[PDB]
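**Q** Have a look at this one.
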Amino acid sequence: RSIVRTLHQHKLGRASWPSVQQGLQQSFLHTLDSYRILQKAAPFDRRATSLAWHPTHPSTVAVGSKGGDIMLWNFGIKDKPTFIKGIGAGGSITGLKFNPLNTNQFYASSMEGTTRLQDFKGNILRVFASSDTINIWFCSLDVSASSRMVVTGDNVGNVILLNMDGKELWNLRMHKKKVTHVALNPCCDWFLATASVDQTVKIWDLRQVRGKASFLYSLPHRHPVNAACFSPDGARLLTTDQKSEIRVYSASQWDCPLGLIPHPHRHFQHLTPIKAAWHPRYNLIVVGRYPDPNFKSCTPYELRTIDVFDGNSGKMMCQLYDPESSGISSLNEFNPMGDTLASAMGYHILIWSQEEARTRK
Amino acid sequence: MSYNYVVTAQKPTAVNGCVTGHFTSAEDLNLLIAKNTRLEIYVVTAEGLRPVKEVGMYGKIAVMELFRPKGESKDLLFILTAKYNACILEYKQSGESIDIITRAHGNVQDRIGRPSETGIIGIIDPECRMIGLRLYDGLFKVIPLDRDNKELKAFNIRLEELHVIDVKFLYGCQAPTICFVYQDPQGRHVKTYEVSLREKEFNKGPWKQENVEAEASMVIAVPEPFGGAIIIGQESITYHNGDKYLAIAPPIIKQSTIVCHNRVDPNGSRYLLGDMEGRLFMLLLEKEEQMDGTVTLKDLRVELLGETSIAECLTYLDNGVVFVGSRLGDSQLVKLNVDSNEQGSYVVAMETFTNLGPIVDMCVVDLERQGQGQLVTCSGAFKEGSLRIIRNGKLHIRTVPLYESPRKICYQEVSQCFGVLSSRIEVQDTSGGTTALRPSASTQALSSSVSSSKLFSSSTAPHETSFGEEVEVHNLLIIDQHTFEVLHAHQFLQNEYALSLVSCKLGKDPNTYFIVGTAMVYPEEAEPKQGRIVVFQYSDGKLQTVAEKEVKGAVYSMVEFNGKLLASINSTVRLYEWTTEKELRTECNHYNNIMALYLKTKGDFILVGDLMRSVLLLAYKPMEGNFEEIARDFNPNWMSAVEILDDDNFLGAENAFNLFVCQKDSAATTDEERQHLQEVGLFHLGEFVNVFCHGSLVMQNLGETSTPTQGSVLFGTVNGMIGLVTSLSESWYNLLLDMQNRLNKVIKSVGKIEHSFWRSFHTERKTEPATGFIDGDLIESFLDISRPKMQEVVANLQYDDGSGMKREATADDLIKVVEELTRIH
């Protein structure tokens with residue numbers, strides 16, 4: 001629809017903002033087909049399990065491993081990135097988000113059973129909770145700043161909710177088994193999402209409920225769930241299973257779904273579980289693929305690659321692939337800016353940014 | 001450190017809405033008009049329009065509907081703002097005092113939801129049993145019109161139909177019943193539902209879903225005696241009522257989309273329809289009697305009455321007179337005659353009302369007197385298009401009709417003329433190329449020069465073109481600064497769009513050139529892959545092509561930069577020098593952009609506005625001949641315009657109708673932190689800014705410094721609003737903020753909207769209070785309240801007059817302050 005004419009029409013007031021968003025979605029996809037040149041790579045030891053972006057800065061990123069080993073890395077700096085090690089055997093970090101206040105801090109959840117807040121120089125500022133008995137540990141974690149709340153999930157079915165200064169008035173059990181992911185809305189403050197191996201995903205109202213499954217809404221599934229992530233706008237919930245499915249539930253009547261995006265991301269023991277994600281400034285979805293000979297493929301060619309779908313339609317729009325990275329992209333995360341992508345594969349960190357330009361004298 | 005003051009120089013003139021009724025009294029026929037923050041109330045008279053009231057609202061009016069609940073002697077008014085403030089208002093007049101009473105008010109915002117693509121829709125049941133709103137997809141919001149619903153509480157009903165195009169309540173239903181058109185994978189359909197308040201749910205409608213034309217676009221609910229519903233499309237008109245179906249397909253309507261409707265006859269026998277080409281039709285319903293005394297539809301006919309300005313909205317007024325409310329051109333009052341005139345038209349214009357919008361571009365020129373700046377805008381669009389020349393003394397506006405779309409303007413003093421890009425629509429002829437649909441400036445110029453350029457016509461894989469496609473013909477017009485006559489018109493190649501223009505001198509060359517950026521436009525390309533920079537010289541009454549530069553993309557921007565030319569081509573920024581041999585030569589390039597759309601410069605510094613990477617602060621380095629990335633605003637913002645206030649302050653406007661101001665990080669201790677721009681000012685303006693420019697329209701008070709405000713940046717908007725942004729000291733900022741808070745404690749807000757809420761920065765991503773910007777309109781509103789109200793406003797107010805110690809402020813002190821502020825525009 002040759003954008004510039006539509007931009008002029010929008011300057012005339014003729015064309016509406018969403019039409020512009022649609023055209024520029026098309027443009028971003030068009031240039032995303034030129035990310036194919038893999039810019040950068042970065043290794044370290046045992047598998048990757050959690051990923052996070054420095055929100056304000058584009059080129060800095062944090063990542064958490066299988067062995068409690070955290071890394072913080074900036075691009076275009078060449079100053080040999082920042083590292084911190086851990087026990088290395090049974091201390092698998094599993095949740096990692098920056099501090100909204102002091103970007104040189106980070107929260108963390110560990111297989112050891114200690115929800116902590118800790119600096120990138122090693123000093124532990126505070127432990128927030130603890131199991132105090134092994135075979136019961138934490139798996140998931142997330143944070144909200146507008147309300148200044150922290151939330152974290154277990155391997156048994158109980159979720160914990162803390163304030164930024166302690167003051168725990170929560171820790172009722174919500175599910176029967178492990179809670180893989182859990183998340184808060186950024187544009188509201190007081191409805192919550194949680195996902196579980198019980199084949200159900202539950203939407204809470206953290207201020208009203210106290211009665212051990214006096215919840216707000218419950219959405220079922222056929223299989224377990226590996227992730228339940230909200231939108232930036234707040235009105236669209238994404239849900240991603242373990243066998244072959246993606247579901248989109250809306251603000252309007254959480255129960256029924258709008259659309260199913262079928263795509264295989266099958267679970268496995270030693271593999272890192274897969275986590276679909278939004279793109280912050282469009283209505284896109286980005287996912288990693290894991291072929292399945294039993295899935296009814298529409299395409300005759302089934303390769304492991306990063307797929308990019310549209311949210312409110314159902315079908316795909318782009319596919320990223322690059323040899324020398326024929327591993328399986330467990331984690332994929334875009335920037336909050338919209339100009340960069342990071343991928344965490346087993347024992348590998350990949351950067352897919354846009355390629356060659358012309359030159360100056 | 002950045003503290004700003006924003007003020008209206010000319011309020012917006014475009015009409016966003018218009019309705020007729022009996023609102024100010026039962027006997028009067030009133031017309032109420034909405035201009036984006038302003039509500040105008042007129043009485044329709046035999047001679048024209050009588051102004052009765054003008055008010056400002058703290059909000060963008062999105063819905064304006066009159067209604068009369070049972071027991072009310074005259075209509076009430078329902079209004080919804082863009083920030084979802086809902087209110088029911090009543091007009092009250094006694095003597096010379098006119099007041100708008102708040103009968104009901106409330107915030108109907110949902111905590112979550114995506115606002116819909118087809119925008120806000122609001123409808124009222126004909127029996128005033130409820131209000132219905134389409135705000136979010138998947139829901140139909142119902143506000144029961146009980147007198148006790150003073151908080152305007154509402155309930156949501158699920159809609160299975162997610163993409164609603166239009167909806168209306170039907171007549172002749174025992175319960176409120178909606179009929180609406182929606183689109184789904186099976187096609188487009190029309191469906192109805194009864195509305196049950198007890199269940200707060202839909203029940204099965206009185207007639208089944210029907211298929212309609214694939215481009216059915218509007219629904220009209222027909223009053224008794226007809227009943228039923230009209231479905232309006234692009235090529236057909238249909239009527240549905242139970243077992244009744246009646247369709248006509250008059251070819252006359254196919255040429256242009258019908259876009260607005262208003263009921264003319266109280267019994268529904270006639271309606272008027274206006275299209276995007278200004279054609280005005282009458283649609284007539286022929287009656288059929290029935291044995292039981294009921295009336296059914298016999299037939300449908302369409303009758304072309306004539307041509308008007310491109311209508312945003314229509315209202316049949318009285319005495320064969322219609323008001324045509326336009327946003328793209330001047331509004332009008334027109335007369336409808338039963339017999340046609342000499343040219344075959346039944347339409348006669350009675351009155352015209354100025355619309356400056358859309359203001360796509362402008363410049364400032366000392367047209368009449370040195371130091372007395374006037375603004376020259378490219379105004380309007382298609383056959384309504386014009387140039388407008390605005391000066392103060394409230395203001396005088398000269399109009400130069402173009403009858404086509406102007407795009408950009410520059411001034412070239414040495415030739416004493418202006419260059420203006422323009423474009424017109426043409427449609428395919430019978431056997432040949434294309435033919436224009438009307439005369440325009442580019443077809444009525446004094447002289448013309450077609451482009452003989454063949455820079456890439458050779459060695460370029462041609463792209464075919466099919467029949468039926470209309471084409472745009474772009475031109476560069478050379479316009480006399482004194483007479484505004486079309487001195488020359490240079491037409492570019494077929495499918496070549498001229499997009500940008502600058503007049504400037506470069507290097508050591510004493511000639512002055514017109515520089516044009518272009519793009520080859522084809523419908524199916526996701527991005528342009530070809531463009532030119534073209535250097536023209538004007539001499540002997542004609543444009544001569546001096547030089548060209550071919551590029552593999554659209555030349556979105558060009559700017560003169562320290563005797564060099566900076567240009568933005570698709571993903572590249574390139575700096576060219578003008579050589580002694582009259583050629584452009586690359587000095588340096590910067591690549592870290594997606595699309596560099598807006599450019600401004602100041603000294604050796606460069607402000608870059610990105611499509612999606614909002615802004616970048618660069619410095620040119622002459623001793624290295626290259627670019628350095630100085631800093632960036634790391635917050636994403638979809639820009640629409642930018643301006644440099646000074647070396648340290650950077651102005652931005654964004655697509656959510658807000659302004660912001662960025663600064664360098666004063667508290668930066670590292671190069672990394674130094675690289676971060678800080679958004680230090682935020683303001684919900686409520687308008688879409690297309691252009692900033694340095695200049696002023698006030699007579700300059702030579703030796704004007706040592707003043708309450710610093711700097712002057714004007715901006716132009718789609719709605720024709722003109723505004724000024726200026727800087728303030730810290731003390732003045734604190735004073736004005738205190739004053740605004742106190743006024744908000746004293747001023748009665750229509751609909752009970754808090755000023756802080758209205759001016760609060762608001763997007764779908766984040767909500768935060770405003771900072772660093774004063775709303776000068778609010779400040780100026782102090783001067784119109786009574787003196788006791790002023791005294792209360794300034795009661796117990798500590799104030800430092802001039803230079804000295806602080807003391808109690810009197811009303812006259814603030815009158816003096818605000819009067820001084822008013823003279824800056």
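To be explicit about the labels: the chains of the structure tokens are called A, B, and onward in the order shown, and within each one the residues are counted from 1, while ligands get numbers from 1 in the order they are shown.
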Do a neighbour search on range 205-218 of chain A at 12 Å with only C-alpha atoms, toss out local chain neighbours closer than 6 positions, and write the hits as an MDAnalysis selection string.
**A** chainID A and resid 147 149:151 157:162 169:176 183:185 188:196 198:199 249 251 253:256
**Q** Restrict the selected residues to N, CA and C atoms and save them as a short mmCIF file (atom, residue, chain, number, x, y, z; two decimals), in the first residue's frame.
**A**
```cif
data_model
loop_
_atom_site.label_atom_id
_atom_site.label_comp_id
_atom_site.auth_asym_id
_atom_site.auth_seq_id
_atom_site.Cartn_x
_atom_site.Cartn_y
_atom_site.Cartn_z
N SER A 147 3.26 -1.28 41.47
CA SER A 147 2.80 -1.68 42.79
C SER A 147 3.94 -2.09 43.71
N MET A 149 5.75 -5.05 43.84
CA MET A 149 5.46 -6.39 44.33
C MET A 149 6.36 -7.39 43.61
N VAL A 150 6.60 -8.50 44.28
CA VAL A 150 7.41 -9.59 43.76
C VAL A 150 6.59 -10.85 43.89
N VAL A 151 6.75 -11.76 42.94
CA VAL A 151 5.95 -12.98 42.91
C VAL A 151 6.82 -14.10 42.37
N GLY A 157 3.08 -26.43 43.79
CA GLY A 157 1.78 -25.83 43.54
C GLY A 157 1.42 -24.61 44.36
N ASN A 158 2.39 -24.01 45.06
CA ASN A 158 2.14 -22.84 45.88
C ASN A 158 3.01 -21.68 45.43
N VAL A 159 2.38 -20.51 45.40
CA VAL A 159 2.98 -19.28 44.91
C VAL A 159 3.19 -18.36 46.09
N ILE A 160 4.23 -17.55 46.02
CA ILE A 160 4.57 -16.63 47.09
C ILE A 160 4.59 -15.22 46.51
N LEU A 161 4.11 -14.27 47.31
CA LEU A 161 3.95 -12.88 46.92
C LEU A 161 4.49 -12.00 48.03
N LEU A 162 5.47 -11.17 47.69
CA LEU A 162 6.17 -10.33 48.64
C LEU A 162 6.08 -8.86 48.24
N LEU A 169 2.33 -11.52 53.04
CA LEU A 169 0.96 -11.91 53.36
C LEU A 169 0.44 -12.61 52.12
N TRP A 170 0.84 -13.86 51.97
CA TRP A 170 0.52 -14.70 50.82
C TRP A 170 1.11 -16.07 51.17
N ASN A 171 1.41 -16.90 50.17
CA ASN A 171 1.95 -18.26 50.32
C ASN A 171 0.87 -19.29 50.54
N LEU A 172 -0.36 -18.97 50.17
CA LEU A 172 -1.36 -20.00 49.98
C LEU A 172 -1.05 -20.82 48.73
N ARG A 173 -1.41 -22.09 48.78
CA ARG A 173 -1.20 -22.97 47.65
C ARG A 173 -2.28 -22.76 46.61
N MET A 174 -1.88 -22.76 45.35
CA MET A 174 -2.77 -22.48 44.23
C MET A 174 -3.02 -23.68 43.34
N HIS A 175 -2.05 -24.58 43.23
CA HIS A 175 -2.11 -25.69 42.30
C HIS A 175 -1.66 -26.96 42.99
N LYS A 176 -1.70 -28.07 42.24
CA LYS A 176 -1.32 -29.38 42.74
C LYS A 176 0.10 -29.78 42.38
N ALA A 183 2.93 -14.21 36.02
CA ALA A 183 3.24 -12.87 35.53
C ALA A 183 2.16 -11.87 35.88
N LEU A 184 2.59 -10.61 35.89
CA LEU A 184 1.80 -9.47 36.30
C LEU A 184 1.58 -8.54 35.12
N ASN A 185 0.52 -7.80 35.19
CA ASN A 185 0.19 -6.83 34.17
C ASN A 185 0.97 -5.54 34.40
N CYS A 188 -2.22 -2.30 34.27
CA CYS A 188 -2.92 -2.36 35.52
C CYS A 188 -1.95 -2.87 36.57
N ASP A 189 -2.44 -3.05 37.80
CA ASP A 189 -1.59 -3.46 38.91
C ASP A 189 -2.12 -4.63 39.70
N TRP A 190 -3.36 -5.06 39.48
CA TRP A 190 -4.02 -5.91 40.45
C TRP A 190 -4.82 -7.04 39.83
N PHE A 191 -4.43 -7.53 38.65
CA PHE A 191 -4.79 -8.88 38.27
C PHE A 191 -3.54 -9.62 37.81
N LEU A 192 -3.52 -10.91 38.14
CA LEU A 192 -2.34 -11.74 38.07
C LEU A 192 -2.62 -12.96 37.21
N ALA A 193 -1.56 -13.56 36.68
CA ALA A 193 -1.68 -14.76 35.88
C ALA A 193 -0.70 -15.78 36.40
N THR A 194 -1.11 -17.04 36.39
CA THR A 194 -0.25 -18.12 36.81
C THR A 194 -0.55 -19.35 35.98
N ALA A 195 0.49 -20.15 35.76
CA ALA A 195 0.40 -21.35 34.95
C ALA A 195 1.01 -22.52 35.71
N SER A 196 0.57 -23.72 35.35
CA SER A 196 0.80 -24.89 36.18
C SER A 196 0.80 -26.14 35.32
N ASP A 198 -0.98 -28.60 36.04
CA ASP A 198 -2.29 -29.20 36.25
C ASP A 198 -3.20 -29.11 35.04
N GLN A 199 -2.68 -28.72 33.89
CA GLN A 199 -3.45 -28.53 32.67
C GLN A 199 -4.42 -27.36 32.78
N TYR A 249 -6.04 -15.66 24.72
CA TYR A 249 -7.25 -15.25 25.43
C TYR A 249 -7.27 -13.73 25.55
N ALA A 251 -9.01 -9.94 27.09
CA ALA A 251 -9.71 -9.27 28.18
C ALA A 251 -11.18 -9.63 28.23
N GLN A 253 -14.01 -11.78 28.30
CA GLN A 253 -14.42 -13.15 28.57
C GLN A 253 -13.25 -14.13 28.38
N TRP A 254 -12.36 -14.05 29.36
CA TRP A 254 -11.17 -14.89 29.48
C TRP A 254 -11.39 -16.35 29.10
N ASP A 255 -12.58 -16.88 29.38
CA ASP A 255 -12.88 -18.29 29.16
C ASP A 255 -12.64 -18.70 27.71
N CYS A 256 -13.40 -18.14 26.80
CA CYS A 256 -13.29 -18.61 25.43
C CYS A 256 -12.06 -18.00 24.76
#
```
**Q** Write out as a ChimeraX atom specification which residues come within 6 Å of range 65-78 of chain B when counting only C-alpha atoms, dropping same-chain ones fewer than 6 positions away.
**A** /B:23,26,87-90,128
**Q** Keeping only N, CA and C atoms, write those residues as a PDB file, in the first residue's frame.
**A**
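What ended up in selection29.pdb:
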```pdb
ATOM      1  N   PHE B  23     -31.968  22.117  21.578  1.00  0.00           N
ATOM      2  CA  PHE B  23     -31.189  21.954  22.798  1.00  0.00           C
ATOM      3  C   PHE B  23     -31.252  23.166  23.707  1.00  0.00           C
ATOM      4  N   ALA B  26     -37.115  24.619  23.361  1.00  0.00           N
ATOM      5  CA  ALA B  26     -37.988  23.751  22.580  1.00  0.00           C
ATOM      6  C   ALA B  26     -38.312  24.345  21.216  1.00  0.00           C
ATOM      7  N   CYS B  87     -20.520  12.122  30.074  1.00  0.00           N
ATOM      8  CA  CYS B  87     -21.350  13.073  30.794  1.00  0.00           C
ATOM      9  C   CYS B  87     -22.670  13.274  30.065  1.00  0.00           C
ATOM     10  N   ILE B  88     -23.717  13.505  30.856  1.00  0.00           N
ATOM     11  CA  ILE B  88     -25.009  13.974  30.371  1.00  0.00           C
ATOM     12  C   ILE B  88     -25.176  15.397  30.874  1.00  0.00           C
ATOM     13  N   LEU B  89     -25.448  16.308  29.945  1.00  0.00           N
ATOM     14  CA  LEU B  89     -25.498  17.737  30.182  1.00  0.00           C
ATOM     15  C   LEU B  89     -26.866  18.281  29.796  1.00  0.00           C
ATOM     16  N   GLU B  90     -27.240  19.375  30.456  1.00  0.00           N
ATOM     17  CA  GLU B  90     -28.456  20.113  30.153  1.00  0.00           C
ATOM     18  C   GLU B  90     -28.104  21.579  29.977  1.00  0.00           C
ATOM     19  N   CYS B 128     -34.895   6.325  24.126  1.00  0.00           N
ATOM     20  CA  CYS B 128     -34.045   6.809  25.211  1.00  0.00           C
ATOM     21  C   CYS B 128     -34.108   5.894  26.432  1.00  0.00           C
TER      22      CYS B 128
END
```
**Q** Determine, counting only C-alpha atoms, which protein, DNA and RNA residues have an atom within 8 Å of an atom of range 44-46 of chain A; residues of the same chain fewer than 4 positions away are not included. Present the result as a ChimeraX atom specification.
**A** /A:65-67,346-348
**Q** Mind listing as a PDB file with N, CA and C atoms, in the first residue's frame which residues of chain B are within 7 Å of chain A, counting only C-alpha atoms?
**A**
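selection_16.pdb, written as the output of this step:
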```
ATOM      1  N   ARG B 111     -10.405  -1.184  32.646  1.00  0.00           N
ATOM      2  CA  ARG B 111      -9.038  -1.306  33.115  1.00  0.00           C
ATOM      3  C   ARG B 111      -8.122  -1.809  32.019  1.00  0.00           C
ATOM      4  N   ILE B 112      -8.626  -2.687  31.159  1.00  0.00           N
ATOM      5  CA  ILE B 112      -7.872  -3.193  30.029  1.00  0.00           C
ATOM      6  C   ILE B 112      -8.757  -3.187  28.795  1.00  0.00           C
ATOM      7  N   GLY B 113      -8.115  -3.198  27.645  1.00  0.00           N
ATOM      8  CA  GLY B 113      -8.797  -3.237  26.368  1.00  0.00           C
ATOM      9  C   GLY B 113      -8.002  -2.501  25.314  1.00  0.00           C
ATOM     10  N   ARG B 114      -8.092  -3.003  24.093  1.00  0.00           N
ATOM     11  CA  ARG B 114      -7.515  -2.347  22.945  1.00  0.00           C
ATOM     12  C   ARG B 114      -8.574  -1.476  22.295  1.00  0.00           C
ATOM     13  N   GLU B 117     -10.274  -0.379  15.866  1.00  0.00           N
ATOM     14  CA  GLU B 117      -9.715   0.194  14.651  1.00  0.00           C
ATOM     15  C   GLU B 117     -10.674   1.207  14.047  1.00  0.00           C
ATOM     16  N   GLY B 138     -15.373  -6.953  20.835  1.00  0.00           N
ATOM     17  CA  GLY B 138     -15.909  -8.056  21.594  1.00  0.00           C
ATOM     18  C   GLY B 138     -16.923  -7.670  22.640  1.00  0.00           C
ATOM     19  N   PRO B 358      -6.249  20.111   6.526  1.00  0.00           N
ATOM     20  CA  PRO B 358      -4.968  19.818   7.170  1.00  0.00           C
ATOM     21  C   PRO B 358      -3.875  20.751   6.708  1.00  0.00           C
ATOM     22  N   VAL B 360      -0.388  20.763   6.034  1.00  0.00           N
ATOM     23  CA  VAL B 360       0.629  19.746   5.789  1.00  0.00           C
ATOM     24  C   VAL B 360       2.041  20.311   5.888  1.00  0.00           C
ATOM     25  N   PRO B 523       2.149   0.367  -6.569  1.00  0.00           N
ATOM     26  CA  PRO B 523       1.254   0.004  -5.459  1.00  0.00           C
ATOM     27  C   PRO B 523       1.712  -1.192  -4.643  1.00  0.00           C
ATOM     28  N   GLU B 524       2.383  -2.164  -5.255  1.00  0.00           N
ATOM     29  CA  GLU B 524       2.656  -3.442  -4.608  1.00  0.00           C
ATOM     30  C   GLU B 524       3.970  -3.491  -3.833  1.00  0.00           C
ATOM     31  N   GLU B 525       4.759  -2.420  -3.805  1.00  0.00           N
ATOM     32  CA  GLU B 525       6.071  -2.470  -3.171  1.00  0.00           C
ATOM     33  C   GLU B 525       5.955  -2.110  -1.697  1.00  0.00           C
ATOM     34  N   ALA B 526       6.542  -2.954  -0.849  1.00  0.00           N
ATOM     35  CA  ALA B 526       6.506  -2.725   0.592  1.00  0.00           C
ATOM     36  C   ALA B 526       7.405  -1.570   1.018  1.00  0.00           C
ATOM     37  N   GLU B 527       8.272  -1.085   0.135  1.00  0.00           N
ATOM     38  CA  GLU B 527       9.129   0.043   0.455  1.00  0.00           C
ATOM     39  C   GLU B 527       9.712   0.550  -0.853  1.00  0.00           C
ATOM     40  N   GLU B 587      30.741  13.056   1.576  1.00  0.00           N
ATOM     41  CA  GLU B 587      31.708  13.235   2.648  1.00  0.00           C
ATOM     42  C   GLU B 587      31.624  12.093   3.649  1.00  0.00           C
ATOM     43  N   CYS B 588      30.438  11.873   4.205  1.00  0.00           N
ATOM     44  CA  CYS B 588      30.256  10.860   5.226  1.00  0.00           C
ATOM     45  C   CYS B 588      28.812  10.408   5.245  1.00  0.00           C
ATOM     46  N   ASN B 589      28.618   9.266   5.884  1.00  0.00           N
ATOM     47  CA  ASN B 589      27.327   8.624   5.984  1.00  0.00           C
ATOM     48  C   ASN B 589      27.110   8.141   7.413  1.00  0.00           C
ATOM     49  N   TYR B 591      24.401   5.264   9.331  1.00  0.00           N
ATOM     50  CA  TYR B 591      23.570   4.138   8.933  1.00  0.00           C
ATOM     51  C   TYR B 591      22.638   3.617  10.011  1.00  0.00           C
ATOM     52  N   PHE B 634      16.356   6.793  24.595  1.00  0.00           N
ATOM     53  CA  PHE B 634      16.159   5.361  24.549  1.00  0.00           C
ATOM     54  C   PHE B 634      14.718   4.959  24.801  1.00  0.00           C
ATOM     55  N   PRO B 636      11.148   4.471  23.271  1.00  0.00           N
ATOM     56  CA  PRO B 636      10.543   4.452  21.937  1.00  0.00           C
ATOM     57  C   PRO B 636       9.414   5.462  21.830  1.00  0.00           C
ATOM     58  N   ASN B 690       2.119  18.290  12.614  1.00  0.00           N
ATOM     59  CA  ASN B 690       2.792  17.911  11.385  1.00  0.00           C
ATOM     60  C   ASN B 690       4.052  18.711  11.130  1.00  0.00           C
ATOM     61  N   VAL B 718      -3.162  19.151  12.182  1.00  0.00           N
ATOM     62  CA  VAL B 718      -4.163  18.639  11.254  1.00  0.00           C
ATOM     63  C   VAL B 718      -5.456  19.423  11.386  1.00  0.00           C
ATOM     64  N   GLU B 764      -1.349   3.706  25.400  1.00  0.00           N
ATOM     65  CA  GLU B 764      -1.740   2.345  25.745  1.00  0.00           C
ATOM     66  C   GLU B 764      -0.673   1.630  26.560  1.00  0.00           C
ATOM     67  N   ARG B 765       0.553   2.156  26.597  1.00  0.00           N
ATOM     68  CA  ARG B 765       1.653   1.529  27.316  1.00  0.00           C
ATOM     69  C   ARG B 765       1.847   2.078  28.724  1.00  0.00           C
ATOM     70  N   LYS B 766       1.603   3.370  28.942  1.00  0.00           N
ATOM     71  CA  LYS B 766       1.984   4.007  30.197  1.00  0.00           C
ATOM     72  C   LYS B 766       1.138   5.246  30.437  1.00  0.00           C
TER      73      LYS B 766
END
```
**Q** Please identify all polymer residues within 9 Å of range 399-402 of chain B, counting only C-alpha atoms, omitting same-chain residues fewer than 4 positions from it, and present them as a ChimeraX atom specification.
**A** /B:382-389,406,422,440-442,484-485
**Q** Could you name the residues that touch residue 139 in chain A at 8 Å or less, counting only C-alpha atoms, but leaving out those on the same chain fewer than 3 positions away, as a list in words?
**A**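 In the requested format, the answer is residues 94, 95, 109, 110, 111, 152, 153, 154, 155, 178, 179, 180 and 181 of chain A.
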**Q** Mind dumping the selected residues with N, CA and C atoms as a short mmCIF file (atom, residue, chain, number, x, y, z; two decimals), in the first residue's frame?
**A**
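again-v3.cif was written with the following content:
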```
data_model
loop_
_atom_site.label_atom_id
_atom_site.label_comp_id
_atom_site.auth_asym_id
_atom_site.auth_seq_id
_atom_site.Cartn_x
_atom_site.Cartn_y
_atom_site.Cartn_z
N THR A 94 16.68 -19.95 37.65
CA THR A 94 15.49 -20.20 36.87
C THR A 94 14.62 -18.98 36.67
N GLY A 95 14.95 -17.85 37.29
CA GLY A 95 14.22 -16.62 37.09
C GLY A 95 15.12 -15.41 37.24
N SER A 109 15.93 -16.21 41.25
CA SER A 109 15.41 -17.42 41.85
C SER A 109 16.31 -18.57 41.45
N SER A 110 16.56 -19.45 42.40
CA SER A 110 17.61 -20.45 42.31
C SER A 110 17.04 -21.81 42.69
N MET A 111 17.63 -22.86 42.13
CA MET A 111 17.20 -24.21 42.48
C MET A 111 17.54 -24.54 43.93
N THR A 152 6.61 -15.30 42.91
CA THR A 152 7.50 -16.41 42.62
C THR A 152 6.79 -17.74 42.83
N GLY A 153 7.16 -18.71 41.99
CA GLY A 153 6.54 -20.02 41.97
C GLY A 153 7.43 -21.20 42.33
N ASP A 154 6.79 -22.27 42.78
CA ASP A 154 7.42 -23.45 43.36
C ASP A 154 7.34 -24.63 42.40
N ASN A 155 7.76 -25.79 42.88
CA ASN A 155 7.67 -27.05 42.16
C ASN A 155 6.50 -27.92 42.61
N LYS A 178 3.87 -28.41 39.78
CA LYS A 178 4.81 -27.32 39.55
C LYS A 178 4.19 -26.17 38.78
N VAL A 179 4.62 -24.97 39.13
CA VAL A 179 4.19 -23.72 38.53
C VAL A 179 5.33 -23.23 37.66
N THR A 180 5.16 -23.29 36.35
CA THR A 180 6.29 -23.03 35.47
C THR A 180 6.49 -21.54 35.25
N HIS A 181 5.41 -20.79 35.22
CA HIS A 181 5.50 -19.37 34.92
C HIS A 181 4.31 -18.65 35.52
#
```
**Q** Would you compute the distance between CA of residue 219 in chain A and CA of residue 240 in chain A? Give it in Å to one decimal.
**A**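 Taking CA of residue 219 in chain A as the start and CA of residue 240 in chain A as the end point, the length is 12.6 Å.
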**Q** Go ahead and compute the interatomic distance for CA of residue 223 in chain B and CA of residue 297 in chain B, in Å to one decimal.
**A**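 Between these atoms lies a distance of 12.5 Å.
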**Q** Have a look at CA of residue 161 in chain B and CA of residue 18 in chain B and let me know their distance in Å, one decimal.
**A**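 For CA of residue 161 in chain B relative to CA of residue 18 in chain B, the distance reads 29.1 Å.
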**Q** Can you pull out the residues contacting residue 273 in chain A? Cut-off 7 Å, using only C-alpha atoms, and skip same-chain residues under 6 positions away; I want them as a compact mmCIF listing (two decimals) with N, CA, C and O atoms, in the first residue's frame.
**A**
```
# COMPACT_ATOMS: atom_id res chain seq x y z
N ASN A 226 3.67 -24.22 29.63
CA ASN A 226 5.01 -23.76 29.86
C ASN A 226 5.09 -22.27 30.00
O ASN A 226 6.09 -21.77 30.54
N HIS A 267 8.11 -30.74 24.70
CA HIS A 267 8.91 -30.77 25.92
C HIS A 267 9.88 -31.94 25.92
O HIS A 267 9.66 -32.97 25.29
N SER A 330 15.88 -22.29 22.21
CA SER A 330 15.02 -22.35 23.38
C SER A 330 14.39 -21.00 23.64
O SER A 330 13.17 -20.84 23.52
```
